[PDB]
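>>> Just the first chains of my complex for now:
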Amino acid sequence: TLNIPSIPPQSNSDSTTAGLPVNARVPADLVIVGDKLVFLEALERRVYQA
């Protein structure tokens, strides 16, 4: 009864390690609307172009 009564609804993910913490500083516009920040992007020049 010390350890069995443990069924937590959560991410858990014990003993895991992934993802580069450094990440990338990429140029991308962000907009605040309502109360949330959102990407607002209009891809046509870097794709579907030429």
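The structure has been received and is ready for your questions. Numbers count the residues shown, from 1 in each chain, chains lettered A, B, ... in the order given.
>>> C-alpha from now on. contacts and neighbour counts both.
OK.
>>> Which helix or which strand is home to residue A:21?
Per DSSP states H and E, residue A:21 falls between elements, in no helix or strand.
>>> and what of residue A:43?
Judged by DSSP H and E, residue A:43 forms part of no helix or strand.
>>> burial of it, as a residue count?
Neighbourhood size, residue A:43 [other CA atoms under 10 Å]: 9.
>>> and the gap between it and residue A:49?
Counting by CA to CA, to the nearest Å, the gap from residue A:43 to residue A:49 is 9 Å.
>>> okay, chain B goes in next:
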Amino acid sequence: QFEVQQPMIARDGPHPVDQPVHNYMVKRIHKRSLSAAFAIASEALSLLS
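Now chain B, sitting on the chains shown earlier:
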């Protein structure tokens, strides 16, 4: 001489695959010239002698 390549999109569905396309454009060089008028009097030549 310019060689230009054109990006494409990997696609699917009821379409056969499309081939990437090169284009090799050449333009011939156009030649031109300009000139202007510049006159010298005779007595100047006389003095240069």
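>>> Okay, strands next: where are they in chain A?
A:30-33, A:36-39 (DSSP state E).
>>> Tell me which strands the first one pairs with, and in which orientation.
Okay, so that is strand A:30-33. If you go by DSSP bridges, strand A:30-33 pairs up with strand A:36-39 (antiparallel).
>>> The strand it pairs with: how far from the chain's middle?
On the basis of CA atoms, centre = their mean, to the nearest Å, strand A:36-39 sits 12 Å off its chain's mean C-alpha point.
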